[PDB]
Protein chains: 2
Amino acid sequence: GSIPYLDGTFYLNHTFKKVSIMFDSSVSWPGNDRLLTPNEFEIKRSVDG
Amino acid sequence: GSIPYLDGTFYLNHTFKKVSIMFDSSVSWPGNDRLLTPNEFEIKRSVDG
């Protein structure tokens with residue numbers, strides 16, 4: 001069928017919940033209290049108090 | 001009996017679980033990723049994964 005890696009037909013992006021990013025095994029990258037959950041990119045939620 | 005409020009005989013300090021501080025209804029203190037959970041000062045925990 002279509003090959004998403006070559007022909008750009010991506011379709012599973014909704015399946016990500018979050019990503020965290022950390023330099024030197026220690027420094028949470030975006031850091032600096034930037035985001036409303038600062039430590040990580042919480043892409044979506046299941047519970048939202 | 002003793003009057004802790006007047007004489008200093010405080011004896012219920014072991015009953016606290018956690019305290020959280022929030023200026024302007026937004027800026028959690030101390031914030032800045034300082035402590036292992038200080039958007040809340042966790043005084044004690046009943047179970048410790």
# chains A, B, ... in the order shown; residues from 1 in each chain; ligands from 1
$ select_by_dssp --residues "range 5-49 of chain A" --states "helix (DSSP H, G or I)" --output "PyMOL selection string"
chain A and resi 5-7+13-15
$ calpha_fit_rmsd --fixed "chain A" --moving "chain B"
0.6 Å
$ closest_residue --among "A:12, A:27, A:42, A:48" --to "chain B" --atoms "only C-alpha atoms"
A:27
$ atom_distance --atom1 "CA of residue 14 in chain B" --atom2 "CA of residue 44 in chain B"
8.7 Å
$ closest_residue --among "B:33, B:43, B:23, B:38" --to "chain A" --atoms "only C-alpha atoms"
B:33
$ select_by_dssp --residues "chain B" --states "strand (DSSP E)" --output "list in words"
residues 18, 19, 21, 22, 23, 27, 28, 29, 41 and 42 of chain B
$ write_last_selection --atoms "C-alpha atoms" --output "PDB file, in the first residue's frame"
ATOM      1  CA  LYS B  18       1.506  18.248  52.610  1.00  0.00           C
ATOM      2  CA  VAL B  19       1.370  22.033  52.108  1.00  0.00           C
ATOM      3  CA  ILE B  21       1.676  27.696  48.245  1.00  0.00           C
ATOM      4  CA  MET B  22       0.335  29.677  45.287  1.00  0.00           C
ATOM      5  CA  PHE B  23       0.774  33.449  44.677  1.00  0.00           C
ATOM      6  CA  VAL B  27       2.563  31.043  40.408  1.00  0.00           C
ATOM      7  CA  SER B  28       3.235  27.949  42.502  1.00  0.00           C
ATOM      8  CA  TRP B  29       6.026  28.603  45.072  1.00  0.00           C
ATOM      9  CA  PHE B  41       5.928  20.485  49.970  1.00  0.00           C
ATOM     10  CA  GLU B  42       5.276  16.831  50.711  1.00  0.00           C
TER      11      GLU B  42
END
$ atom_distance --atom1 "CA of residue 26 in chain A" --atom2 "CA of residue 32 in chain B"
14.4 Å
$ atom_distance --atom1 "CA of residue 15 in chain B" --atom2 "CA of residue 49 in chain A"
26.4 Å
$ closest_residue --among "A:1, A:11, A:30, A:24" --to "chain B" --atoms "only C-alpha atoms"
A:30
$ closest_residue --among "B:36, B:10, B:5, B:31" --to "chain A" --atoms "only C-alpha atoms"
B:31
